[PDB]
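J.: Got a structure for you, written out below as structure tokens; questions coming shortly.
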Amino acid sequence: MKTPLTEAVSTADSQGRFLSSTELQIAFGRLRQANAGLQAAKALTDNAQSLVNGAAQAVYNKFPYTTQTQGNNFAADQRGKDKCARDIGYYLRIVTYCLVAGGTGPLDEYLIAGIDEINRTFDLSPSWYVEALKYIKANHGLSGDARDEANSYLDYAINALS
Amino acid sequence: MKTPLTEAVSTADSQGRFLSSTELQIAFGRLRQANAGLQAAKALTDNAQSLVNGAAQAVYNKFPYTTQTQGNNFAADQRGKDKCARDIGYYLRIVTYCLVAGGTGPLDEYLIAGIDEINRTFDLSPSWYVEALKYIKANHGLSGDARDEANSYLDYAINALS
Amino acid sequence: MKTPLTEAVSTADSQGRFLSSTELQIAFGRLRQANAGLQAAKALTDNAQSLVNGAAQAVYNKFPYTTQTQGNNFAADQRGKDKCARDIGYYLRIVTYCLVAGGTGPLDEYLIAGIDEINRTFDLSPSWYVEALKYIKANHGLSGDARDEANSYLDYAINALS
Amino acid sequence: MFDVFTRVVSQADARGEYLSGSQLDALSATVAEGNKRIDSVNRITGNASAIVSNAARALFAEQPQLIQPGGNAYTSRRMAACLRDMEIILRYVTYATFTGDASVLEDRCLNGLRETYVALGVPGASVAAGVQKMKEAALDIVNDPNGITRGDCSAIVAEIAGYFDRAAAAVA
Amino acid sequence: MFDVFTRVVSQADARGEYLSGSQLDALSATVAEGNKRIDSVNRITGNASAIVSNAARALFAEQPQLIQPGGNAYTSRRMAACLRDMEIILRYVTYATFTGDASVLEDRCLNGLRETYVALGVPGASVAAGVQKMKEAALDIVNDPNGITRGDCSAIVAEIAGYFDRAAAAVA
Amino acid sequence: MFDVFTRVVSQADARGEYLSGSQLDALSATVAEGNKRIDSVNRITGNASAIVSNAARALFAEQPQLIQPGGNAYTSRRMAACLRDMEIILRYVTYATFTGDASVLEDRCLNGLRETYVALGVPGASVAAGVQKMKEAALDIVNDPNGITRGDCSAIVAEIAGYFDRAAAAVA
Amino acid sequence: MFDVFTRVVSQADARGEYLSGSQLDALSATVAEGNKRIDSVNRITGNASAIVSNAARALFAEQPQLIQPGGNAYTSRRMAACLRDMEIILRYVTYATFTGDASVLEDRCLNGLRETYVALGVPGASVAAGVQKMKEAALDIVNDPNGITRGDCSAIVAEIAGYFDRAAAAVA
Amino acid sequence: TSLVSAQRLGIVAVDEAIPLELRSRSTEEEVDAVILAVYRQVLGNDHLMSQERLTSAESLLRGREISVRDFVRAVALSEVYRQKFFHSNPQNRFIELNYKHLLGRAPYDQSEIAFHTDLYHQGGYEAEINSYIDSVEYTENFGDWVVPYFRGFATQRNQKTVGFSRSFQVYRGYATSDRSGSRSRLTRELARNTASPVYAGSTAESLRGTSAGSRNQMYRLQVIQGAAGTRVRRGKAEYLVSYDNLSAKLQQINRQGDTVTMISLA
Amino acid sequence: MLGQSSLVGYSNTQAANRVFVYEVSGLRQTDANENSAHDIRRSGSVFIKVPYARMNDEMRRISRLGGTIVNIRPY
Ligand SMILES: *[C@@H](C)[C@H]1/C(=C/c2[nH]c(/C=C3N=C(/C=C4\NC(=O)C(CC)=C4C)C(C)=C\3CCC(=O)O)c(CCC(=O)O)c2C)NC(=O)[C@@H]1C
Ligand SMILES: *[C@H](C)[C@H]1/C(=C/c2[nH]c(/C=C3N=C(/C=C4\NC(=O)C(CC)=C4C)C(C)=C\3CCC(=O)O)c(CCC(=O)O)c2C)NC(=O)[C@@H]1C
Ligand SMILES: *[C@H](C)[C@H]1/C(=C/c2[nH]c(/C=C3N=C(/C=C4\NC(=O)C(CC)=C4C)C(C)=C\3CCC(=O)O)c(CCC(=O)O)c2C)NC(=O)[C@@H]1C
Ligand SMILES: *[C@H](C)[C@H]1/C(=C/c2[nH]c(/C=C3N=C(/C=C4\NC(=O)C(CC)=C4C)C(C)=C\3CCC(=O)O)c(CCC(=O)O)c2C)NC(=O)[C@@H]1C
Ligand SMILES: *[C@H](C)[C@H]1/C(=C/c2[nH]c(/C=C3N=C(/C=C4\NC(=O)C(CC)=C4C)C(C)=C\3CCC(=O)O)c(CCC(=O)O)c2C)NC(=O)[C@@H]1C
Ligand SMILES: *[C@H](C)[C@H]1/C(=C/c2[nH]c(/C=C3N=C(/C=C4\NC(=O)C(CC)=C4C)C(C)=C\3CCC(=O)O)c(CCC(=O)O)c2C)NC(=O)[C@@H]1C
Ligand SMILES: *[C@H](C)[C@H]1/C(=C/c2[nH]c(/C=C3N=C(/C=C4\NC(=O)C(CC)=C4C)C(C)=C\3CCC(=O)O)c(CCC(=O)O)c2C)NC(=O)[C@@H]1C
Ligand SMILES: *[C@H](C)[C@H]1/C(=C/c2[nH]c(/C=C3N=C(/C=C4\NC(=O)C(CC)=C4C)C(C)=C\3CCC(=O)O)c(CCC(=O)O)c2C)NC(=O)[C@@H]1C
Ligand SMILES: *[C@H](C)[C@H]1/C(=C/c2[nH]c(/C=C3N=C(/C=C4\NC(=O)C(CC)=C4C)C(C)=C\3CCC(=O)O)c(CCC(=O)O)c2C)NC(=O)[C@@H]1C
Ligand SMILES: *[C@H](C)[C@H]1/C(=C/c2[nH]c(/C=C3N=C(/C=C4\NC(=O)C(CC)=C4C)C(C)=C\3CCC(=O)O)c(CCC(=O)O)c2C)NC(=O)[C@@H]1C
Ligand SMILES: *[C@H](C)[C@H]1/C(=C/c2[nH]c(/C=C3N=C(/C=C4\NC(=O)C(CC)=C4C)C(C)=C\3CCC(=O)O)c(CCC(=O)O)c2C)NC(=O)[C@@H]1C
Ligand SMILES: *[C@H](C)[C@H]1/C(=C/c2[nH]c(/C=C3N=C(/C=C4\NC(=O)C(CC)=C4C)C(C)=C\3CCC(=O)O)c(CCC(=O)O)c2C)NC(=O)[C@@H]1C
């Protein structure tokens with residue numbers, strides 16, 4: 001999946017070349033970013049449950065119809081709420097994976113690829129998940145490089161959804 | 001050319017994708033390395049003439065036959081020495097270009113591609129230029145990141161010649 | 001556009017063949033269906049305004065939040081209601097086109113291709129259009145072959161949306 | 001590609017309008033005339049080889065310079081290419097008759113055919129003459145009253161003639 | 001394509017000379033500005049869908065003839081192609097901002113775009129208007145002072161505006 | 001492609017006539033010179049690298065602007081391309097000598113070369129001068145009486161000179 | 001394998017819950033049908049040899065290429081294998097009827113049969129034809145109203161027909 | 001495929017491969033990469049010597065005189081391609097190599113073998129090769145500017161499922177090539193319209209425990225068996241035997257007249 | 001303008017040893033190329049060099065993709 005190190009190696013291999021100073025600079029950028037990414041993943045992991053619950057409630061607040069219309073795709077009952085919380089937890093966990101990996105590769109491999117026809121087949125509105133990601137952006141409480149990288153992943157997911 | 005920014009944009013464009021955190025980290029590594037590359041290029045430029053003459057003289061010392069064997073591909077006469085010094089100056093100038101660009105792009109674009117057809121056609125031995133580049137790598141007098149980048153480019157040229 | 005006549009000619013042309021008896025049977029089936037398709041279109045266009053208005057009203061009734069939520073994608077104001085009525089009219093008109101043509105060709109050419117990027121880009125839920133198409137199914141008053149063909153087109157749109 | 005129905009459909013979509021009653025009735029008269037159109041297509045494709053061969057033989061009879069050595073129809077390869085073009089024009093005319101629209105003929109056969117013949121030195125005027133010979137043979141075949149339910153097929157014959165003149169004017 | 005370093009590298013190699021001290025110092029000021037360049041690129045990328053969709057909505061509110069039936073943005077396929085084109089132009093503008101050179105925007109995006117749009121009947125003036133709307137949205141997103149280390153970003157904003165106007169001029 | 005036999009075959013087939021006695025006697029005279037033609041082809045082939053390299057070195061000795069930085073022969077890739085082109089022209093000249101007809105050299109190497117070189121910014125005059133140097137080296141090598149049966153090779157040398165002229169005039 | 005009871009039991013255990021009232025009543029309905037099921041198994045078993053032999057004779061009469069020299073049913077060994085295969089299909093169909101579930105017929109007889117027939121060159125379509133002949137004979141045996149307590153056997157006959165059609169589909 | 005099946009099947013690199021498109025105004029390194037990719041994929045990943053390179057064809061690609069599809073056609077029609085894939089190969093092996101190199105897939109039907117065999121017999125190697133490059137499949141998948149790439153491991157439109165399985169018979173791994181005369185592995189599978197089990201990457205290995213012999217190596221023998229003993233229950237058979245009993249299994253398979261289709265280490 | 005050496009192939013025939021330049025315009029998204037993996041980059045005048053023996057195929061391709069053959073030039 002898409003990370004600076006693996007793509008540097010794949011691009012070099014497709015060109016039949018050794019790793020040169022370009023790939024070394026790529027690794028240096030990965031090292032510069034990696035500690036902030038790791039501490040962002042730790043901060044999101046520790047506050048994961050609160051973030052997921054608050055994001056689900058924010059989605060319910062901005063889309064109240066999801067809480068009282070009956071149907072498989074809605075969260076009116078406990079089964080729908082469990083599915084919704086599980087989906088938002090999926091989003092948050094994959095975002096932490098991206099922060100660990102240093103690229104959107106975890107999001108692409110695990111969530112982004114094929115998300116649209118899933119959302120279509122099960123009649124799941126992407127605006128719900130966009131609102132969940134906006135809550136995660138506004139409530140993760142990160143700063144500096146950790147915030148910047150994490151927000152890049154969150155709004156990468158938002159852009160893919162919208 | 002094989003530079004980190006152009007390579008990042010090329011691999012993002014090949015997938016039809018916006019620049020993500022991976023490409024941003026590539027740019028961060030480029031920024032970390034770029035100033036050191038710039039002082040490396042300045043030091044090589046300031047000492048270019050002496051380095052070129054010393055490398056040519058080193059080749060003449062290791063391969064004395066080129067000094068006194070008649071032939072167009074040899075430096076027996078003044079014209080051969082002028083051609084040899086011009087070639088070594090080409091090598092040093094393109095290495096400075098690689099330091100400025102942050103990759104082996106200038107060496108591939110201007111010197112590496114097609115060098116062995118030239119050497120075979122004009123019956124010029126690559127060992128001459130390999131020892132000359134070795135002299136440059138031994139007497140340029142850089143340190144740290146600048147020395148490592150310059151040595152990477154000189155070793156890239158040496159490996160291509162051998 | 002996909003229709004029995006054009007498809008038969010394209011299949012014969014891809015094989016470089018004259019129109020054999022198979023293509024003639026295709027044309028015979030098209031003739032057997034065409035009158036009922038034409039009267040289906042005639043009945044749908046005579047009652048088009050009431051069908052479009054009732055479909056819009058049904059969408060508003062099933063999804064009341066589109067009537068009171070402020071947003072570019074919602075029909076809270078008059079602009080959103082005009083856009084919704086215009087979209088439903090587009091669906092009805094292209095379905096009549098499909099009935100005239102005898103295939104899903106107008107839907108594929110004009111509506112189906114690219115509708116996913118539109119619904120995602122402008123944050124329009126396909127479930128709204130599914131409800132509008134269901135209202136058109138339940139209130140077009142067609143019978144026999146005209147019903148069968150019109151409902152085939154309407155379910156084609158629904159299956160493409162879901 | 002467009003058939004007779006989709007052409008009206010495309011014009012209506014361009015205008016954002018439902019088909020009017022008059023257009024629906026016109027397409028109903030078109031459906032009512034569909035059996036004759038099918039039978040004309042069948043009659044031409046049933047006599048395609050004879051049409052092509054007779055037209056080519058008449059063309060070389062009245063234009064001997066085509067088959068003389070050095071002529072464009074001389075040698076076996078160029079003769080086969082010539083008969084192949086004859087057959088291709090006839091086949092795409094049958095396609096246009098079948099669909100009821102000229103879109104297949106203009107888009108897939110005559111698209112770039114004139115400057116094809118120009119860039120190859122093919123005498124496109126003689127191609128048009130051969131196409132007219134195919135036209136007269138095919139119109140005689142379509143209008144043959146033997147072994148068929150009798151009716152007036154003047155409209156479909158005029159449409160087929162228009163497709164043939166389209167092809168001939170394109171190659172000229 | 002070139003970046004900011006390879007442009008002067010190629011110019012120097014054609015001249016056959018070592019980069020001067022002034023050129024090296026200019027490339028050092030570019031390195032100093034690199035952090036703000038990365039921030040601009042990140043900010044435009046993070047709001048790309050919003051920029052494209054809002055600019056498209058504005059471009060269809062005024063100039064409604066694009067989305068009327070028969071208009072160039074009518075039908076889902078053409079509407080999706082138009083949205084994709086705006087996204088492509090924005091993406092290549094971000095590429096040019098990232099590299100610091102407009103070569104990627106010219107060679108890969110704007111090359112042949114006017115001839116393309118002319119051959120499709122696409123109203124390139126309307127595309128230029130949409131590019132201006134994307135430009136204004138992108139510039140006010142880049143110049144957003146909250147959530148970022150304060151600093152003067154006028155030079156990078158001028159460069160981004162130049163890329164956007166260059167795209168608008170190419171399509172017009 | 002044409003050789004010396006198939007060329008006259010093509011004119012006779014276009015005229016639809018058998019080859020006359022004069023044409024057959026001329027071909028017999030060509031056959032009687034076949035050994036000299038094979039010798040000339042072999043000598044140029046056995047000295048191809050030397051001819052190309054010596055001619056290229058002489059072409060860069062005079063006209064120094066080709067190899068100065070910014071020149072067309074500067075950088076390794078463009079020098080390799082120049083050397084390659086000289087060898088390619090020589091190879092097709094040997095092909096033309098072998099076949100006894102200039103069709104291979106014109107159709108596969110010369111026709112369209114002046115436009116390609118203009119659209120690349122390749123100096124046609126300089127490459128024509130290189131072709132002249134390859135001409136002079138090859139003609140000296142062919143006209144070397146040592147180690148070969150003595151005879152009159154004036155006709156084959158004139159033919160080779162004509163082929164070299166063709167490539168110099170077509171590339172300039 | 002499974003029978004009618006254990007299939008429902010396995011589904012309930014995977015779902016980890018007691019059989020509902022509806023499932024218990026459906027199994028009670030199966031129990032009420034049991035006497036007719038035993039009748040059908042006994043009737044087919046009692047006429048197995050006649051069913052196999054008559055179906056084989058009919059199949060070889062309508063497919064003489066099977067028994068011609070070189071045919072896959074030619075020679076005594078291959079004829080014995082063909083008769084054995086027909087008997088096996090009938091026997092496992094009776095097993096499936098007896099159990100009330102198709103697991104025995106699928107797991108022990110039909111799974112892999114198609115690949116066996118393809119691998120050894122046995123024509124599966126002809127085996128399917130023999131299976132239809134056995135099907136029609138066996139269903140005539142089951143529905144015979146003589147010497148039995150009259151009642152409606154349509155459900156069990158439909159189940160047996162389904163087993164026979166599963167076999168005929170599995171072979172080809 | 002996704003990672004979890006990709007590592008098992010040893011097709012991770014194919015899945016993450018990105019199609020290479022020669023855009024307008026491409027630089028020298030981009031043309032170099034396109035030429036290298038074409039040589040890698042069209043010549044089936046052989047070590048290509050510099051003396052076997054198509055210098056004129058790649059010059060025409062460089063000067064934008066021809067397209068990527070034209071350069072692919074030139075490499076496919078070249079004497080190098082003929083030497084290593086045509087002149088010493090059977091026709092069925094040759095056309096499956098053509099399907100792999102030019103369309104990036106395995107043959108779907110025996111009719112595709114009947115096609116390109118009759119086509120060869122009528123119009124020669126050049127017409128037979130041009131059939132693939134001018135096909136609708138090549139046009140829709142690669143066009144004039146995308147280097148062909150292997151597609152058999154991914155779901156294609158108008159594809160038969162067997163192709164995926166048959167893909168593992170023509171793609172033997174990333175570090176493999178089509179260099180060595182050889183017979184197609186798909187001959188019986190194509191002729192009888194069957195499928196063979198995929199034994200690729202780590203899928204072929206099986207559990208050993210204490211049942212494997214002295215050297216802890218199991219071998220899978222896929223054989224076709226009939227009645228010649230005990231009752232045969234299937235025409236296809238698989239035998240897992242240790243190395244020490246391998247010769248014994250071979251001989252008892254041999255004296256019953258059963259044909260061995262494949263033997264692999266498990 | 002080059003290419004003839006590699007475009008014409010190895011028929012050796014005088015009839016195949018001709019290449020022609022096709023000028024194509026209006027290559028857009030049609031229903032015929034909906035499942036095209038690659039994307040159309042230009043719809044203006046593109047120039048395709050076609051040998052004689054493939055002129056039948058290419059124009060069909062062009063005619064199948066909605067492209068308009070505006071001119072064909074001898075090479
Ligand atoms: C369709 C299958 C035919 C049919 C069947 C049918 N059978 C019965 C009832 C009985 N059949 C038996 C069977 C056996 N008793 C034995 O000793 C043996 C041999 C070991 C057998 C096979 C029994 C015990 C009964 C019940 C008592 C009775 O004979 O009436 C019925 C009656 C309903 C029921 O299910 O009990 C029916 C309908 N009848 C037809 O008309 C079909 C041709
Ligand atoms: C929550 C924001 C809203 C909501 C949620 C909801 N989701 C589903 C069903 C599914 N969700 C997914 C998503 C994923 N699966 C994955 O593996 C990943 C990637 C790692 C993702 C993002 C899928 C595939 C489904 C369908 C299958 C499944 O049920 O697991 C449902 C149930 C829909 C149904 O028909 O079962 C619901 C309720 N519902 C709301 O109302 C919220 C606003
Ligand atoms: C300019 C349009 C606006 C602006 C920008 C600005 N940024 C910095 C400094 C930094 N920005 C970054 C960026 C990132 N770190 C990450 O991890 C990510 C994701 C990969 C990004 C995009 C970094 C590393 C720095 C340096 C450290 C810092 O946090 O300051 C500056 C300061 C000057 C500089 O060039 O470094 C400025 C000015 N500020 C504005 O007011 C504009 C609206
Ligand atoms: C010096 C180490 C030895 C030596 C040198 C020598 N070189 C040549 C000729 C050429 N050198 C090049 C090389 C380049 N040209 C470029 O543009 C670049 C890339 C930017 C390179 C590396 C070329 C192409 C030539 C041939 C064309 C030319 O004359 O410029 C010669 C002369 C050969 C001849 O035949 O005249 C010589 C003498 N000679 C020694 O003895 C040294 C040990
Ligand atoms: C009605 C069911 C709901 C609704 C409608 C709504 N739609 C839009 C905007 C667009 N609708 C389309 C659709 C089409 N245009 C076509 O050409 C065709 C195919 C022939 C279709 C189906 C498009 C392209 C747009 C965007 C551009 C445009 O404005 O025309 C809006 C406005 C959204 C916005 O961001 O402006 C609305 C409100 N919304 C509801 O709440 C109804 C339940
Ligand atoms: C015969 C009445 C006249 C004639 C014909 C002739 N045509 C050609 C060559 C070509 N004709 C076409 C046209 C088509 N090819 C197609 O596939 C289609 C449908 C899409 C058409 C309309 C083409 C493309 C060619 C050239 C390619 C090819 O032939 O394969 C020739 C050969 C020309 C030559 O010198 O090679 C000839 C002889 N010539 C006459 O003199 C008659 C008046
Ligand atoms: C018109 C140029 C000539 C002509 C035509 C004509 N045909 C019909 C009617 C029918 N023709 C058919 C055709 C077919 N039946 C088949 O099975 C096939 C082969 C697959 C074909 C081509 C059919 C089905 C009909 C209708 C039934 C019937 O036989 O009457 C008519 C009658 C009017 C009508 O449109 O139905 C006419 C006029 N008659 C001429 O005199 C012309 C020479
Ligand atoms: C939207 C703001 C306006 C508009 C757009 C529109 N564009 C097209 C079609 C194409 N656009 C391009 C351009 C590109 N494709 C690329 O890959 C790149 C990089 C090189 C660019 C710049 C191309 C090539 C096409 C044609 C092929 C294709 O669609 O992929 C259309 C569709 C036209 C049609 O008839 O299909 C439209 C509608 N239209 C407007 O009205 C807006 C002002
Ligand atoms: C008769 C209708 C057709 C026919 C039959 C035929 N079959 C075989 C061979 C085999 N048949 C089987 C099938 C089974 N064996 C089992 O044990 C089971 C039940 C558990 C089944 C379903 C197998 C495994 C074989 C191979 C072993 C064997 O030969 O017994 C043959 C022999 C083929 C040969 O040449 O070896 C034949 C002839 N042949 C026809 O032509 C009929 C259409
Ligand atoms: C869903 C009910 C179950 C499931 C499915 C699943 N399938 C795949 C992958 C493939 N499926 C096919 C099948 C076809 N391709 C075709 O073109 C056709 C028609 C001719 C068929 C039947 C193929 C070939 C593949 C592999 C190639 C591809 O994925 O495109 C996957 C993905 C496996 C992976 O690791 O990526 C999955 C998930 N999985 C379940 O768990 C369900 C029970
Ligand atoms: C050298 C230490 C020993 C040796 C080597 C040898 N190898 C081959 C042929 C091939 N080598 C490879 C390997 C790779 N290709 C790749 O793309 C990759 C990267 C993933 C690898 C590891 C391949 C595929 C081949 C096949 C043929 C080809 O030309 O590519 C040969 C050539 C054998 C022959 O020409 O017949 C040789 C000689 N040989 C020794 O004796 C050394 C011990
Ligand atoms: C050397 C005497 C002069 C010179 C040469 C030069 N040529 C090019 C580039 C090309 N040359 C060709 C020509 C051919 N390629 C072939 O395959 C054949 C046979 C069909 C011919 C005749 C082509 C097509 C090109 C472009 C592709 C390529 O660059 O390889 C160059 C390079 C130009 C550039 O890099 O932009 C050069 C340098 N240059 C001189 O100064 C000499 C007078």
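Chains: A, B, ... in order of the structure tokens. Residues: from 1 per chain. Ligands: from 1, in order shown.
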Report as a ChimeraX atom specification which protein, DNA and RNA residues come within 7 Å of ligand 8, using only C-alpha atoms and all ligand atoms.
T.: /E:56,66,71-73,77-79,81-83,85-86,88-89,108-110,113,116-117,120,122-124,126-127,130 /I:27-29,39-43
J.: Residues near region 66-71 of chain I, anyone? I mean within 9 Å using only C-alpha atoms, not counting same-chain ones fewer than 3 positions away, as a list in words.
T.: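 Non-adjacent residues within range: residues 1, 107, 108, 111, 112, 113, 115 and 116 of chain D; 21, 22, 23, 24, 25, 26, 27, 28, 29, 30, 32, 43, 45, 59, 61, 62 and 63 of chain I.
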J.: Just N, CA, C and O atoms for this one: save the residues we selected as a tab-separated table (two decimals), in the first residue's frame.
T.:
chain	number	residue	atom	x	y	z
D	1	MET	N	-24.07	5.84	-33.23
D	1	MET	CA	-25.09	5.26	-34.11
D	1	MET	C	-26.48	5.65	-33.65
D	1	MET	O	-26.74	5.72	-32.45
D	107	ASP	N	-21.28	7.22	-40.24
D	107	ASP	CA	-20.31	7.17	-39.16
D	107	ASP	C	-19.32	6.02	-39.32
D	107	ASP	O	-18.17	6.15	-38.90
D	108	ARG	N	-19.74	4.91	-39.91
D	108	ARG	CA	-18.89	3.73	-39.96
D	108	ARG	C	-18.36	3.36	-41.33
D	108	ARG	O	-17.37	2.62	-41.41
D	111	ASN	N	-17.22	7.59	-43.31
D	111	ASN	CA	-16.37	8.44	-42.50
D	111	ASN	C	-14.93	8.27	-42.98
D	111	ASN	O	-14.29	7.26	-42.72
D	112	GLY	N	-14.44	9.27	-43.71
D	112	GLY	CA	-13.10	9.24	-44.23
D	112	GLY	C	-12.90	8.41	-45.47
D	112	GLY	O	-11.76	8.17	-45.85
D	113	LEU	N	-13.98	7.95	-46.11
D	113	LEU	CA	-13.83	7.12	-47.30
D	113	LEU	C	-13.36	7.91	-48.53
D	113	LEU	O	-12.60	7.38	-49.35
D	115	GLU	N	-11.36	10.68	-48.80
D	115	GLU	CA	-9.93	10.91	-48.73
D	115	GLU	C	-9.14	9.62	-48.54
D	115	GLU	O	-7.95	9.62	-48.85
D	116	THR	N	-9.79	8.52	-48.15
D	116	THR	CA	-9.15	7.22	-48.30
D	116	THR	C	-8.87	6.96	-49.77
D	116	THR	O	-7.73	6.69	-50.18
I	21	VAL	N	-1.21	8.90	-43.13
I	21	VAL	CA	-1.44	9.67	-41.92
I	21	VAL	C	-2.92	9.99	-41.81
I	21	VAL	O	-3.48	10.64	-42.69
I	22	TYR	N	-3.55	9.55	-40.74
I	22	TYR	CA	-4.95	9.83	-40.46
I	22	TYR	C	-5.05	10.99	-39.49
I	22	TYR	O	-4.37	10.99	-38.46
I	23	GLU	N	-5.87	11.98	-39.82
I	23	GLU	CA	-6.18	13.07	-38.92
I	23	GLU	C	-7.55	12.79	-38.32
I	23	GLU	O	-8.53	12.67	-39.06
I	24	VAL	N	-7.60	12.64	-37.00
I	24	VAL	CA	-8.81	12.24	-36.30
I	24	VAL	C	-9.21	13.36	-35.34
I	24	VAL	O	-8.35	13.97	-34.70
I	25	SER	N	-10.50	13.63	-35.26
I	25	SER	CA	-11.02	14.65	-34.38
I	25	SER	C	-12.24	14.09	-33.65
I	25	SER	O	-12.84	13.12	-34.09
I	26	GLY	N	-12.58	14.71	-32.53
I	26	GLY	CA	-13.77	14.32	-31.80
I	26	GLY	C	-13.77	12.93	-31.19
I	26	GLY	O	-14.74	12.18	-31.32
I	27	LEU	N	-12.70	12.59	-30.47
I	27	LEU	CA	-12.64	11.33	-29.73
I	27	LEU	C	-13.13	11.65	-28.33
I	27	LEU	O	-12.38	12.18	-27.50
I	28	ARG	N	-14.39	11.34	-28.07
I	28	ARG	CA	-15.04	11.58	-26.79
I	28	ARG	C	-15.52	10.28	-26.16
I	28	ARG	O	-15.41	9.20	-26.75
I	29	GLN	N	-16.03	10.41	-24.94
I	29	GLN	CA	-16.62	9.31	-24.20
I	29	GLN	C	-17.90	8.91	-24.90
I	29	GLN	O	-18.88	9.67	-24.91
I	30	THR	N	-17.91	7.75	-25.51
I	30	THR	CA	-19.11	7.18	-26.09
I	30	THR	C	-19.51	5.93	-25.32
I	30	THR	O	-18.81	5.49	-24.40
I	32	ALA	N	-19.39	3.15	-26.62
I	32	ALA	CA	-18.49	2.14	-27.14
I	32	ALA	C	-17.23	1.98	-26.31
I	32	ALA	O	-16.63	0.90	-26.31
I	43	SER	N	-9.13	15.32	-27.74
I	43	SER	CA	-10.20	15.17	-28.71
I	43	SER	C	-10.00	16.02	-29.95
I	43	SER	O	-10.82	15.95	-30.88
I	45	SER	N	-7.42	17.39	-33.21
I	45	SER	CA	-6.76	16.68	-34.30
I	45	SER	C	-5.56	15.87	-33.81
I	45	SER	O	-4.57	16.44	-33.35
I	59	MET	N	-9.53	2.64	-39.13
I	59	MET	CA	-10.69	3.49	-39.36
I	59	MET	C	-11.94	2.92	-38.70
I	59	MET	O	-12.72	3.67	-38.11
I	61	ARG	N	-11.90	1.18	-35.98
I	61	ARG	CA	-11.68	1.60	-34.60
I	61	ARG	C	-12.09	3.05	-34.41
I	61	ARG	O	-12.90	3.37	-33.53
I	62	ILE	N	-11.62	3.92	-35.30
I	62	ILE	CA	-11.99	5.33	-35.28
I	62	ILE	C	-13.49	5.48	-35.42
I	62	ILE	O	-14.13	6.22	-34.66
I	63	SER	N	-14.07	4.81	-36.42
I	63	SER	CA	-15.51	4.86	-36.62
I	63	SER	C	-16.27	4.25	-35.45
I	63	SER	O	-17.41	4.65	-35.17
J.: Within 12 Å of residue 11 (chain I), counting only C-alpha atoms, which residues qualify if same-chain residues fewer than 3 places away don't, as a list in words?
T.: residues 1 of chain F; 77, 123, 124, 125, 126 and 127 of chain H; 6, 7, 8, 14, 15, 16, 17, 18, 51, 52 and 53 of chain I
J.: Please provide the set of residues having any atom within 9 Å of residue 137 (chain G), restricted to only C-alpha atoms, with same-chain residues fewer than 3 positions apart removed, written as number ranges by chain.
T.: G: 51, 54-55, 132-134, 140-142
